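Below is structure13.cif, which holds mmCIF, C-alpha atoms and all ligand atoms.
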data_protein
#
loop_
_atom_site.group_PDB
_atom_site.id
_atom_site.type_symbol
_atom_site.label_atom_id
_atom_site.label_comp_id
_atom_site.auth_asym_id
_atom_site.auth_seq_id
_atom_site.Cartn_x
_atom_site.Cartn_y
_atom_site.Cartn_z
ATOM 1 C CA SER A 300 -13.275 19.283 17.473
ATOM 2 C CA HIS A 301 -12.073 15.995 18.956
ATOM 3 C CA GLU A 302 -15.554 15.175 20.247
ATOM 4 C CA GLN A 303 -17.337 15.818 16.943
ATOM 5 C CA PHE A 304 -14.830 13.522 15.249
ATOM 6 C CA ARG A 305 -15.350 10.762 17.809
ATOM 7 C CA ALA A 306 -19.109 11.176 17.344
ATOM 8 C CA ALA A 307 -18.827 10.844 13.560
ATOM 9 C CA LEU A 308 -16.679 7.739 13.942
ATOM 10 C CA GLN A 309 -19.189 6.094 16.269
ATOM 11 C CA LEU A 310 -21.712 6.201 13.390
ATOM 12 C CA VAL A 311 -19.742 3.923 11.031
ATOM 13 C CA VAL A 312 -17.782 1.687 13.392
ATOM 14 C CA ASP A 313 -19.251 -1.494 14.812
ATOM 15 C CA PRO A 314 -20.367 -0.843 18.404
ATOM 16 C CA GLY A 315 -19.079 -2.381 21.597
ATOM 17 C CA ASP A 316 -15.708 -3.452 22.923
ATOM 18 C CA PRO A 317 -13.448 -5.816 20.926
ATOM 19 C CA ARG A 318 -11.213 -6.375 23.970
ATOM 20 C CA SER A 319 -14.053 -8.640 25.116
ATOM 21 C CA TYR A 320 -13.077 -11.413 22.679
ATOM 22 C CA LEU A 321 -9.413 -10.577 21.909
ATOM 23 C CA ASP A 322 -6.298 -11.272 23.973
ATOM 24 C CA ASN A 323 -2.582 -12.047 23.629
ATOM 25 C CA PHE A 324 -1.948 -8.823 21.729
ATOM 26 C CA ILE A 325 1.425 -9.165 19.997
ATOM 27 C CA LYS A 326 2.881 -5.989 18.509
ATOM 28 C CA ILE A 327 4.094 -6.304 14.889
ATOM 29 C CA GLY A 328 4.475 -2.757 13.563
ATOM 30 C CA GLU A 329 4.093 1.031 13.664
ATOM 31 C CA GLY A 330 2.889 1.669 10.136
ATOM 32 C CA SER A 331 1.271 4.775 8.662
ATOM 33 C CA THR A 332 -1.030 6.268 11.300
ATOM 34 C CA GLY A 333 -0.988 3.630 14.003
ATOM 35 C CA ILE A 334 0.515 0.533 15.634
ATOM 36 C CA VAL A 335 -0.444 -2.914 14.307
ATOM 37 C CA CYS A 336 -0.868 -5.938 16.586
ATOM 38 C CA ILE A 337 -1.958 -9.577 16.397
ATOM 39 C CA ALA A 338 -4.638 -11.137 18.575
ATOM 40 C CA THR A 339 -6.419 -14.457 18.946
ATOM 41 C CA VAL A 340 -10.210 -14.700 18.773
ATOM 42 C CA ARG A 341 -10.941 -16.695 21.930
ATOM 43 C CA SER A 342 -14.377 -17.713 20.605
ATOM 44 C CA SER A 343 -12.623 -19.590 17.786
ATOM 45 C CA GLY A 344 -8.833 -19.760 18.209
ATOM 46 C CA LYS A 345 -8.315 -17.991 14.874
ATOM 47 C CA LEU A 346 -5.776 -15.197 14.428
ATOM 48 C CA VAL A 347 -6.421 -11.622 13.298
ATOM 49 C CA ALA A 348 -4.525 -8.356 12.991
ATOM 50 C CA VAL A 349 -5.555 -5.121 14.686
ATOM 51 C CA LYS A 350 -4.624 -1.600 13.577
ATOM 52 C CA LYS A 351 -4.845 0.799 16.539
ATOM 53 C CA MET A 352 -4.765 4.505 15.612
ATOM 54 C CA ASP A 353 -5.032 7.119 18.412
ATOM 55 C CA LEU A 354 -7.063 10.187 17.349
ATOM 56 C CA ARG A 355 -4.960 12.386 19.691
ATOM 57 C CA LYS A 356 -1.672 11.641 17.821
ATOM 58 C CA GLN A 357 -2.518 12.419 14.172
ATOM 59 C CA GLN A 358 -1.269 14.939 11.549
ATOM 60 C CA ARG A 359 -4.645 14.861 9.801
ATOM 61 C CA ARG A 360 -7.394 13.268 11.919
ATOM 62 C CA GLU A 361 -9.584 13.127 8.793
ATOM 63 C CA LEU A 362 -7.444 10.306 7.366
ATOM 64 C CA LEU A 363 -9.052 7.767 9.707
ATOM 65 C CA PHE A 364 -12.362 7.973 7.849
ATOM 66 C CA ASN A 365 -11.437 6.575 4.453
ATOM 67 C CA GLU A 366 -10.239 3.083 5.381
ATOM 68 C CA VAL A 367 -13.423 2.543 7.429
ATOM 69 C CA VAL A 368 -15.619 4.357 4.869
ATOM 70 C CA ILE A 369 -13.966 3.471 1.551
ATOM 71 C CA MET A 370 -12.670 0.003 2.541
ATOM 72 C CA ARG A 371 -15.817 -1.030 4.440
ATOM 73 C CA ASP A 372 -16.052 -4.799 3.826
ATOM 74 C CA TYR A 373 -14.804 -4.454 0.251
ATOM 75 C CA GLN A 374 -13.798 -7.968 -0.798
ATOM 76 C CA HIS A 375 -11.087 -8.849 -3.331
ATOM 77 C CA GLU A 376 -8.727 -11.812 -3.752
ATOM 78 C CA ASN A 377 -5.647 -9.541 -3.716
ATOM 79 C CA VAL A 378 -6.698 -6.970 -1.087
ATOM 80 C CA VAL A 379 -6.410 -7.394 2.682
ATOM 81 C CA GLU A 380 -9.876 -8.153 4.041
ATOM 82 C CA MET A 381 -11.200 -5.924 6.826
ATOM 83 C CA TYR A 382 -13.527 -7.774 9.205
ATOM 84 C CA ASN A 383 -14.732 -5.188 11.749
ATOM 85 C CA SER A 384 -13.961 -1.709 13.047
ATOM 86 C CA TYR A 385 -14.448 -0.481 16.614
ATOM 87 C CA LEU A 386 -13.886 2.751 18.532
ATOM 88 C CA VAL A 387 -12.113 1.848 21.802
ATOM 89 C CA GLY A 388 -11.411 4.671 24.242
ATOM 90 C CA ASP A 389 -9.319 7.268 22.388
ATOM 91 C CA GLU A 390 -8.216 4.978 19.549
ATOM 92 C CA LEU A 391 -9.905 3.562 16.415
ATOM 93 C CA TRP A 392 -9.418 -0.205 16.002
ATOM 94 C CA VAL A 393 -9.517 -2.098 12.705
ATOM 95 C CA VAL A 394 -9.704 -5.903 12.857
ATOM 96 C CA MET A 395 -8.737 -7.765 9.707
ATOM 97 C CA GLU A 396 -7.119 -10.780 8.024
ATOM 98 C CA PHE A 397 -3.735 -11.849 9.396
ATOM 99 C CA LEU A 398 -1.265 -12.043 6.502
ATOM 100 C CA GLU A 399 1.430 -14.414 7.717
ATOM 101 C CA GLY A 400 4.193 -13.959 5.131
ATOM 102 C CA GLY A 401 5.192 -10.478 6.247
ATOM 103 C CA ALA A 402 5.631 -7.478 4.010
ATOM 104 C CA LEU A 403 7.492 -7.345 0.719
ATOM 105 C CA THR A 404 9.986 -4.931 2.323
ATOM 106 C CA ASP A 405 11.564 -7.890 4.121
ATOM 107 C CA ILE A 406 12.299 -9.613 0.800
ATOM 108 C CA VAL A 407 13.757 -6.673 -1.138
ATOM 109 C CA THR A 408 16.236 -5.812 1.642
ATOM 110 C CA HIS A 409 17.515 -9.401 1.966
ATOM 111 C CA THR A 410 17.309 -11.158 -1.431
ATOM 112 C CA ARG A 411 17.111 -10.526 -5.212
ATOM 113 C CA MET A 412 13.909 -11.633 -6.977
ATOM 114 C CA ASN A 413 13.937 -13.143 -10.501
ATOM 115 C CA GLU A 414 11.688 -11.626 -13.203
ATOM 116 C CA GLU A 415 9.361 -14.611 -12.743
ATOM 117 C CA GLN A 416 8.543 -13.477 -9.178
ATOM 118 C CA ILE A 417 8.558 -9.752 -9.947
ATOM 119 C CA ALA A 418 5.924 -10.499 -12.580
ATOM 120 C CA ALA A 419 3.895 -12.392 -9.953
ATOM 121 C CA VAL A 420 3.883 -9.531 -7.444
ATOM 122 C CA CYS A 421 3.097 -7.064 -10.241
ATOM 123 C CA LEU A 422 0.259 -9.182 -11.637
ATOM 124 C CA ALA A 423 -1.341 -9.225 -8.192
ATOM 125 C CA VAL A 424 -0.872 -5.488 -7.611
ATOM 126 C CA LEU A 425 -2.317 -4.590 -11.011
ATOM 127 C CA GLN A 426 -5.182 -7.064 -10.618
ATOM 128 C CA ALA A 427 -6.239 -5.279 -7.389
ATOM 129 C CA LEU A 428 -5.414 -1.789 -8.778
ATOM 130 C CA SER A 429 -7.599 -2.382 -11.872
ATOM 131 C CA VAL A 430 -10.718 -2.933 -9.726
ATOM 132 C CA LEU A 431 -9.690 -0.163 -7.326
ATOM 133 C CA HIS A 432 -9.390 2.372 -10.169
ATOM 134 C CA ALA A 433 -12.648 1.256 -11.782
ATOM 135 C CA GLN A 434 -14.439 1.845 -8.469
ATOM 136 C CA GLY A 435 -12.724 5.238 -8.144
ATOM 137 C CA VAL A 436 -10.208 4.582 -5.347
ATOM 138 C CA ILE A 437 -6.565 5.682 -5.291
ATOM 139 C CA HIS A 438 -4.136 4.013 -2.890
ATOM 140 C CA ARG A 439 -1.735 7.012 -2.929
ATOM 141 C CA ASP A 440 0.939 5.152 -0.914
ATOM 142 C CA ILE A 441 1.861 2.086 -2.961
ATOM 143 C CA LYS A 442 5.299 0.869 -1.839
ATOM 144 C CA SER A 443 7.060 -2.153 -0.363
ATOM 145 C CA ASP A 444 5.448 -1.694 3.072
ATOM 146 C CA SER A 445 1.981 -1.820 1.465
ATOM 147 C CA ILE A 446 2.339 -5.368 0.104
ATOM 148 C CA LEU A 447 1.736 -8.409 2.299
ATOM 149 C CA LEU A 448 2.113 -12.120 1.591
ATOM 150 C CA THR A 449 0.628 -15.355 2.878
ATOM 151 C CA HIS A 450 2.511 -18.572 3.622
ATOM 152 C CA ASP A 451 1.550 -19.952 0.178
ATOM 153 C CA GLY A 452 2.970 -16.937 -1.699
ATOM 154 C CA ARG A 453 -0.390 -15.256 -2.407
ATOM 155 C CA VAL A 454 0.088 -11.436 -2.418
ATOM 156 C CA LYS A 455 -2.433 -8.845 -1.125
ATOM 157 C CA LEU A 456 -2.434 -5.019 -0.928
ATOM 158 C CA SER A 457 -2.722 -3.099 2.371
ATOM 159 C CA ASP A 458 -2.039 0.248 4.178
ATOM 160 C CA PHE A 459 -5.076 2.172 2.820
ATOM 161 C CA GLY A 460 -4.604 4.976 5.412
ATOM 162 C CA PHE A 461 -3.905 7.437 2.589
ATOM 163 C CA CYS A 462 -6.482 6.313 0.036
ATOM 164 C CA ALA A 463 -9.063 8.617 -1.542
ATOM 165 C CA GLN A 464 -12.304 8.446 -3.517
ATOM 166 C CA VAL A 465 -12.799 10.081 -6.930
ATOM 167 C CA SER A 466 -15.802 8.314 -8.579
ATOM 168 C CA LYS A 467 -17.817 10.621 -10.921
ATOM 169 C CA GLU A 468 -18.357 14.428 -10.726
ATOM 170 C CA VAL A 469 -15.102 15.776 -9.215
ATOM 171 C CA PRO A 470 -12.504 13.250 -10.496
ATOM 172 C CA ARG A 471 -9.093 14.539 -9.284
ATOM 173 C CA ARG A 472 -7.130 15.255 -6.052
ATOM 174 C CA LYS A 473 -4.383 17.732 -5.064
ATOM 175 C CA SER A 474 -3.272 16.451 -1.646
ATOM 176 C CA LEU A 475 0.449 16.032 -0.827
ATOM 177 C CA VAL A 476 0.194 12.612 0.791
ATOM 178 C CA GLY A 477 2.321 9.477 0.843
ATOM 179 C CA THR A 478 5.951 8.445 1.240
ATOM 180 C CA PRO A 479 8.582 10.733 -0.313
ATOM 181 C CA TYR A 480 10.721 8.404 -2.430
ATOM 182 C CA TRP A 481 7.705 6.612 -3.975
ATOM 183 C CA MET A 482 5.429 9.414 -5.181
ATOM 184 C CA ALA A 483 4.711 10.727 -8.667
ATOM 185 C CA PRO A 484 6.321 13.809 -10.299
ATOM 186 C CA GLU A 485 3.049 15.747 -10.574
ATOM 187 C CA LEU A 486 2.774 15.117 -6.830
ATOM 188 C CA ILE A 487 5.531 17.330 -5.353
ATOM 189 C CA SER A 488 4.060 19.969 -7.649
ATOM 190 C CA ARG A 489 0.438 20.194 -6.545
ATOM 191 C CA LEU A 490 -1.541 19.279 -9.654
ATOM 192 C CA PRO A 491 -4.898 17.537 -10.141
ATOM 193 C CA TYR A 492 -4.019 13.842 -10.181
ATOM 194 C CA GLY A 493 -6.014 10.677 -10.678
ATOM 195 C CA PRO A 494 -5.279 6.992 -10.117
ATOM 196 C CA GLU A 495 -2.078 7.195 -12.184
ATOM 197 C CA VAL A 496 -0.037 8.256 -9.127
ATOM 198 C CA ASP A 497 -0.402 4.640 -7.996
ATOM 199 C CA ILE A 498 1.026 3.346 -11.286
ATOM 200 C CA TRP A 499 4.031 5.642 -10.906
ATOM 201 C CA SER A 500 4.615 4.424 -7.352
ATOM 202 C CA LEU A 501 4.236 0.891 -8.719
ATOM 203 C CA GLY A 502 7.129 1.568 -11.074
ATOM 204 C CA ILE A 503 9.257 2.812 -8.196
ATOM 205 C CA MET A 504 8.294 -0.354 -6.335
ATOM 206 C CA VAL A 505 9.535 -2.299 -9.364
ATOM 207 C CA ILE A 506 12.830 -0.463 -8.913
ATOM 208 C CA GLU A 507 12.754 -1.663 -5.305
ATOM 209 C CA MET A 508 12.503 -5.304 -6.367
ATOM 210 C CA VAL A 509 15.560 -4.866 -8.608
ATOM 211 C CA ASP A 510 17.829 -2.923 -6.220
ATOM 212 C CA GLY A 511 16.385 -2.983 -2.688
ATOM 213 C CA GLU A 512 15.912 0.798 -2.538
ATOM 214 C CA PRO A 513 13.558 3.706 -4.565
ATOM 215 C CA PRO A 514 15.531 6.291 -6.589
ATOM 216 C CA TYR A 515 17.605 8.711 -4.390
ATOM 217 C CA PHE A 516 16.834 6.622 -1.266
ATOM 218 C CA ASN A 517 20.241 7.603 0.128
ATOM 219 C CA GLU A 518 19.326 11.317 0.338
ATOM 220 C CA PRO A 519 17.267 12.807 3.203
ATOM 221 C CA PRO A 520 13.526 13.099 2.503
ATOM 222 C CA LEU A 521 13.292 16.718 1.318
ATOM 223 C CA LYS A 522 16.762 16.567 -0.290
ATOM 224 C CA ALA A 523 15.283 14.040 -2.762
ATOM 225 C CA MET A 524 11.636 15.138 -2.545
ATOM 226 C CA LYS A 525 12.447 18.319 -4.420
ATOM 227 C CA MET A 526 15.133 16.472 -6.395
ATOM 228 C CA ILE A 527 12.706 14.428 -8.507
ATOM 229 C CA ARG A 528 10.516 17.372 -9.573
ATOM 230 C CA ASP A 529 12.420 18.691 -12.607
ATOM 231 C CA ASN A 530 14.284 15.487 -13.496
ATOM 232 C CA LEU A 531 13.298 12.871 -16.066
ATOM 233 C CA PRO A 532 12.333 9.339 -14.924
ATOM 234 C CA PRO A 533 15.058 7.598 -12.918
ATOM 235 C CA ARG A 534 16.691 4.375 -14.003
ATOM 236 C CA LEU A 535 17.956 1.325 -12.188
ATOM 237 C CA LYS A 536 21.535 0.832 -11.052
ATOM 238 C CA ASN A 537 21.254 -2.798 -12.251
ATOM 239 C CA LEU A 538 19.644 -2.311 -15.676
ATOM 240 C CA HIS A 539 22.089 -4.853 -17.133
ATOM 241 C CA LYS A 540 20.570 -7.505 -14.839
ATOM 242 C CA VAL A 541 17.010 -6.982 -16.170
ATOM 243 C CA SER A 542 15.689 -8.431 -19.418
ATOM 244 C CA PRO A 543 14.299 -6.064 -22.083
ATOM 245 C CA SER A 544 10.779 -7.361 -21.374
ATOM 246 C CA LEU A 545 10.866 -6.050 -17.799
ATOM 247 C CA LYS A 546 12.498 -2.861 -19.083
ATOM 248 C CA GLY A 547 9.710 -2.225 -21.586
ATOM 249 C CA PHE A 548 7.005 -3.004 -19.027
ATOM 250 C CA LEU A 549 8.640 -0.535 -16.620
ATOM 251 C CA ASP A 550 9.122 2.021 -19.411
ATOM 252 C CA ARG A 551 5.348 2.129 -19.755
ATOM 253 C CA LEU A 552 5.087 2.821 -15.994
ATOM 254 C CA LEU A 553 7.548 5.630 -15.174
ATOM 255 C CA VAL A 554 6.172 8.003 -17.807
ATOM 256 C CA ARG A 555 6.515 11.654 -16.817
ATOM 257 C CA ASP A 556 3.309 12.567 -18.674
ATOM 258 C CA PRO A 557 0.313 11.391 -16.584
ATOM 259 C CA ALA A 558 -1.763 11.245 -19.776
ATOM 260 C CA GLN A 559 0.870 8.908 -21.270
ATOM 261 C CA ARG A 560 1.253 6.660 -18.235
ATOM 262 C CA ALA A 561 -0.234 3.241 -18.790
ATOM 263 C CA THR A 562 -3.463 2.250 -17.059
ATOM 264 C CA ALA A 563 -3.710 -0.843 -14.866
ATOM 265 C CA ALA A 564 -6.678 -2.111 -16.888
ATOM 266 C CA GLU A 565 -4.530 -1.908 -20.046
ATOM 267 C CA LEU A 566 -1.331 -3.034 -18.273
ATOM 268 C CA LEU A 567 -2.808 -6.512 -17.650
ATOM 269 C CA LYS A 568 -2.451 -7.483 -21.330
ATOM 270 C CA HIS A 569 1.310 -6.803 -21.344
ATOM 271 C CA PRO A 570 3.807 -9.484 -22.450
ATOM 272 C CA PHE A 571 6.006 -9.304 -19.326
ATOM 273 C CA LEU A 572 3.153 -10.630 -17.164
ATOM 274 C CA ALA A 573 3.315 -13.957 -19.005
ATOM 275 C CA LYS A 574 6.527 -14.567 -16.994
ATOM 276 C CA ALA A 575 4.268 -14.507 -13.892
ATOM 277 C CA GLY A 576 5.123 -17.597 -11.881
ATOM 278 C CA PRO A 577 2.603 -19.295 -9.631
ATOM 279 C CA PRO A 578 2.398 -17.783 -6.134
ATOM 280 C CA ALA A 579 4.522 -20.730 -4.987
ATOM 281 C CA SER A 580 7.453 -19.085 -6.792
ATOM 282 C CA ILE A 581 7.455 -16.344 -4.145
ATOM 283 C CA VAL A 582 7.423 -18.862 -1.265
ATOM 284 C CA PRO A 583 11.222 -19.531 -1.202
ATOM 285 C CA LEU A 584 11.799 -15.788 -0.655
ATOM 286 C CA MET A 585 10.213 -15.701 2.814
ATOM 287 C CA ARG A 586 12.191 -16.242 6.061
ATOM 288 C CA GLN A 587 11.029 -19.917 6.597
ATOM 289 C CA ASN A 588 14.164 -20.757 4.528
ATOM 290 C CA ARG A 589 15.647 -18.046 2.262
HETATM 291 N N1 LIG B 1 0.627 -9.589 8.517
HETATM 292 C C1 LIG B 1 -0.290 -8.427 8.520
HETATM 293 N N2 LIG B 1 -1.590 -8.649 8.428
HETATM 294 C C2 LIG B 1 -2.458 -7.643 8.424
HETATM 295 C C3 LIG B 1 -1.936 -6.356 8.526
HETATM 296 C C4 LIG B 1 -0.566 -6.142 8.609
HETATM 297 N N3 LIG B 1 -0.020 -4.901 8.717
HETATM 298 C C5 LIG B 1 1.207 -4.654 9.206
HETATM 299 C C6 LIG B 1 1.454 -3.258 9.190
HETATM 300 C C7 LIG B 1 2.715 -2.455 9.635
HETATM 301 O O1 LIG B 1 2.732 -1.872 10.656
HETATM 302 N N4 LIG B 1 3.892 -2.413 8.737
HETATM 303 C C8 LIG B 1 3.951 -3.120 7.410
HETATM 304 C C9 LIG B 1 5.225 -3.978 7.303
HETATM 305 C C10 LIG B 1 6.428 -3.137 7.432
HETATM 306 C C11 LIG B 1 6.459 -2.408 8.726
HETATM 307 N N5 LIG B 1 7.518 -1.420 8.659
HETATM 308 C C12 LIG B 1 5.143 -1.661 9.043
HETATM 309 C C13 LIG B 1 0.263 -2.674 8.630
HETATM 310 C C14 LIG B 1 -0.035 -1.289 8.380
HETATM 311 C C15 LIG B 1 -1.298 -1.009 7.827
HETATM 312 C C16 LIG B 1 -2.194 -2.065 7.549
HETATM 313 C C17 LIG B 1 -3.578 -1.825 6.953
HETATM 314 C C18 LIG B 1 -4.659 -1.700 6.478
HETATM 315 C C19 LIG B 1 -6.021 -1.579 5.778
HETATM 316 O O2 LIG B 1 -6.126 -0.280 5.265
HETATM 317 C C20 LIG B 1 -6.031 -2.601 4.611
HETATM 318 C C21 LIG B 1 -7.397 -2.718 3.912
HETATM 319 C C22 LIG B 1 -8.545 -2.911 4.915
HETATM 320 C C23 LIG B 1 -8.525 -1.851 6.042
HETATM 321 C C24 LIG B 1 -7.163 -1.818 6.767
HETATM 322 C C25 LIG B 1 -1.866 -3.404 7.803
HETATM 323 C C26 LIG B 1 -0.586 -3.676 8.367
HETATM 324 N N6 LIG B 1 0.236 -7.207 8.615
#

Just dump the structure as structure tokens.
Ligand SMILES: Nc1nccc(-n2cc(C(=O)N3CCC[C@@H](N)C3)c3ccc(C#CC4(O)CCCCC4)cc32)n1
Amino acid sequence: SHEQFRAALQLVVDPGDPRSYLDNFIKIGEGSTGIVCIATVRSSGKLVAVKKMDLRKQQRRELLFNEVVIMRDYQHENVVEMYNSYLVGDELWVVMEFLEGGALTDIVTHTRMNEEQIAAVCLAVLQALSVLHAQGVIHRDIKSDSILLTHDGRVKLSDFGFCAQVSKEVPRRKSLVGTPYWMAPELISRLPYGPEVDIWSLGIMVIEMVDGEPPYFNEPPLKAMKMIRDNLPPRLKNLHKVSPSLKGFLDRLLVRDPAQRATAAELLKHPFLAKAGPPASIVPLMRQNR
């Protein structure tokens, strides 16, 4: 029931009304399960971002739990920091860090990134994924929209609306959740899957950074959704533009066998991630000056 769900939420969220100390709401997106705004904290003049998700308009209402239960003040240098969570009226509100460089989607649709910057983004994603897999969490929707930047080129991971916990005891999942063009091959076929789905999506995101779109991004969602199931790993339309180091690194990502996919903890020792430029390398890719 709606009311039982609201009651359960009120036991984990911070009480009261955040509209007391927030104003100048500026809308910035409609991402995953809710709209995302920016507000100023009048008590300080600082800026924060606010994810508003209405319980009434949800496919699965049970998705709202995880990001306030799993990502409850979990700190990490490469993961968007959540400050507070409130239940306002009929919507759940998440207040967090304001990442000012936009999403990575804006860069891959407008410019071409050199291997030195691809390695930077990947180093950050794997750094955060390593810890997230050790603690038992799967992102389950890693893609361009899930990656935010600061003004200084630092990269953080976001959009945990689809994440899940595995930990000990039961260690797998079988839920068909995410974005169609970015998911694993043992996804569309319901099979017990662990953190490795993320890694696969990461590989597809690598493809993004090389071409500006996931394999079969031109086909409608189901038209490609089924299309990847039988096929072998896709390959980039611009493979001639990528060095063999990137190609090897990516060849240990888009492995069809989940038991022969690489693990983020073991992917950090790879050679390609020596090409990782300082975060400043990413800075010229943002809209300040392309
Ligand atoms: N600059 C800035 N800063 C902070 C947030 C933010 N942001 C914009 C979103 C948005 O709508 N986008 C993304 C861009 C492309 C567009 N198509 C759609 C968006 C969606 C979800 C979350 C999330 C979350 C958490 O799970 C992360 C861990 C802690 C709990 C909350 C954040 C989002 N953007």

Residues within 8 Å of ligand LIG 1 (chain B) (all atoms listed in the file), as a PyMOL selection string?
chain A and resi 327-331+333-336+347-350+366-367+370-373+378-381+393-405+443-448+456-460

For the residues in that selection, give me C-alpha atoms as a PDB file, in the frame of the given file.
ATOM      1  CA  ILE A 327       4.094  -6.304  14.889  1.00  0.00           C
ATOM      2  CA  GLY A 328       4.475  -2.757  13.563  1.00  0.00           C
ATOM      3  CA  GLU A 329       4.093   1.031  13.664  1.00  0.00           C
ATOM      4  CA  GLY A 330       2.889   1.669  10.136  1.00  0.00           C
ATOM      5  CA  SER A 331       1.271   4.775   8.662  1.00  0.00           C
ATOM      6  CA  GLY A 333      -0.988   3.630  14.003  1.00  0.00           C
ATOM      7  CA  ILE A 334       0.515   0.533  15.634  1.00  0.00           C
ATOM      8  CA  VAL A 335      -0.444  -2.914  14.307  1.00  0.00           C
ATOM      9  CA  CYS A 336      -0.868  -5.938  16.586  1.00  0.00           C
ATOM     10  CA  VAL A 347      -6.421 -11.622  13.298  1.00  0.00           C
ATOM     11  CA  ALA A 348      -4.525  -8.356  12.991  1.00  0.00           C
ATOM     12  CA  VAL A 349      -5.555  -5.121  14.686  1.00  0.00           C
ATOM     13  CA  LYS A 350      -4.624  -1.600  13.577  1.00  0.00           C
ATOM     14  CA  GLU A 366     -10.239   3.083   5.381  1.00  0.00           C
ATOM     15  CA  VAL A 367     -13.423   2.543   7.429  1.00  0.00           C
ATOM     16  CA  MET A 370     -12.670   0.003   2.541  1.00  0.00           C
ATOM     17  CA  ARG A 371     -15.817  -1.030   4.440  1.00  0.00           C
ATOM     18  CA  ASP A 372     -16.052  -4.799   3.826  1.00  0.00           C
ATOM     19  CA  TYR A 373     -14.804  -4.454   0.251  1.00  0.00           C
ATOM     20  CA  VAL A 378      -6.698  -6.970  -1.087  1.00  0.00           C
ATOM     21  CA  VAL A 379      -6.410  -7.394   2.682  1.00  0.00           C
ATOM     22  CA  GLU A 380      -9.876  -8.153   4.041  1.00  0.00           C
ATOM     23  CA  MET A 381     -11.200  -5.924   6.826  1.00  0.00           C
ATOM     24  CA  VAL A 393      -9.517  -2.098  12.705  1.00  0.00           C
ATOM     25  CA  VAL A 394      -9.704  -5.903  12.857  1.00  0.00           C
ATOM     26  CA  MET A 395      -8.737  -7.765   9.707  1.00  0.00           C
ATOM     27  CA  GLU A 396      -7.119 -10.780   8.024  1.00  0.00           C
ATOM     28  CA  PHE A 397      -3.735 -11.849   9.396  1.00  0.00           C
ATOM     29  CA  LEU A 398      -1.265 -12.043   6.502  1.00  0.00           C
ATOM     30  CA  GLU A 399       1.430 -14.414   7.717  1.00  0.00           C
ATOM     31  CA  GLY A 400       4.193 -13.959   5.131  1.00  0.00           C
ATOM     32  CA  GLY A 401       5.192 -10.478   6.247  1.00  0.00           C
ATOM     33  CA  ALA A 402       5.631  -7.478   4.010  1.00  0.00           C
ATOM     34  CA  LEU A 403       7.492  -7.345   0.719  1.00  0.00           C
ATOM     35  CA  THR A 404       9.986  -4.931   2.323  1.00  0.00           C
ATOM     36  CA  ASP A 405      11.564  -7.890   4.121  1.00  0.00           C
ATOM     37  CA  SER A 443       7.060  -2.153  -0.363  1.00  0.00           C
ATOM     38  CA  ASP A 444       5.448  -1.694   3.072  1.00  0.00           C
ATOM     39  CA  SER A 445       1.981  -1.820   1.465  1.00  0.00           C
ATOM     40  CA  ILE A 446       2.339  -5.368   0.104  1.00  0.00           C
ATOM     41  CA  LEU A 447       1.736  -8.409   2.299  1.00  0.00           C
ATOM     42  CA  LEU A 448       2.113 -12.120   1.591  1.00  0.00           C
ATOM     43  CA  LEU A 456      -2.434  -5.019  -0.928  1.00  0.00           C
ATOM     44  CA  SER A 457      -2.722  -3.099   2.371  1.00  0.00           C
ATOM     45  CA  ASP A 458      -2.039   0.248   4.178  1.00  0.00           C
ATOM     46  CA  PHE A 459      -5.076   2.172   2.820  1.00  0.00           C
ATOM     47  CA  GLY A 460      -4.604   4.976   5.412  1.00  0.00           C
TER      48      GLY A 460
END

To verify the selection step, state as a PyMOL selection string which residues the PyMOL selection byres (((chain A and resi 503) around 8) and not hetatm) yields on this input.
chain A and resi 442+481+499-502+504-507+513-514+553

Do a neighbour search on residue A:316 at 10 Å with all atoms listed in the file, toss out local chain neighbours closer than 2 positions, and write the hits as an MDAnalysis selection string.
chainID A and resid 313:314 318:321 385:388 392

Name every residue that the PyMOL selection byres (((chain A and resi 409) around 12) and not hetatm) selects in this structure, writing the answer as a VMD selection string with chains first and numbers rising.
chain A and resid 403 to 408 410 to 412 507 to 512 584 to 586 589

Got a sec: who's within 12 Å of residue A:523, counting only C-alpha atoms, leaving out chain neighbours fewer than 4 positions off, as JSON, numbers by chain?
{"A": [478, 479, 480, 481, 482, 484, 487, 513, 514, 515, 516, 517, 518, 519, 527, 528, 529, 530]}

Could you check which of A:495, A:451, A:376, A:322 is closest to residue A:337, using all atoms listed in the file?
A:322

Mind checking which residues fall within 10 Å of residue A:498, counting all atoms listed in the file, ignoring those fewer than 2 positions away in the same chain, and posting them as a PyMOL selection string?
chain A and resi 424-425+428+437-439+441+482-483+494-496+500-504+551-554+557+560-563+566

Write out, as a compact mmCIF listing (two decimals), keeping the file's coordinate frame, the residues just selected, with C-alpha atoms.
# COMPACT_ATOMS: atom_id res chain seq x y z
CA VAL A 424 -0.87 -5.49 -7.61
CA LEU A 425 -2.32 -4.59 -11.01
CA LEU A 428 -5.41 -1.79 -8.78
CA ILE A 437 -6.56 5.68 -5.29
CA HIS A 438 -4.14 4.01 -2.89
CA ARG A 439 -1.74 7.01 -2.93
CA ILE A 441 1.86 2.09 -2.96
CA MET A 482 5.43 9.41 -5.18
CA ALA A 483 4.71 10.73 -8.67
CA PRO A 494 -5.28 6.99 -10.12
CA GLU A 495 -2.08 7.20 -12.18
CA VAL A 496 -0.04 8.26 -9.13
CA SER A 500 4.62 4.42 -7.35
CA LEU A 501 4.24 0.89 -8.72
CA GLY A 502 7.13 1.57 -11.07
CA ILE A 503 9.26 2.81 -8.20
CA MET A 504 8.29 -0.35 -6.34
CA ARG A 551 5.35 2.13 -19.76
CA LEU A 552 5.09 2.82 -15.99
CA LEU A 553 7.55 5.63 -15.17
CA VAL A 554 6.17 8.00 -17.81
CA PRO A 557 0.31 11.39 -16.58
CA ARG A 560 1.25 6.66 -18.24
CA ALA A 561 -0.23 3.24 -18.79
CA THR A 562 -3.46 2.25 -17.06
CA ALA A 563 -3.71 -0.84 -14.87
CA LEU A 566 -1.33 -3.03 -18.27
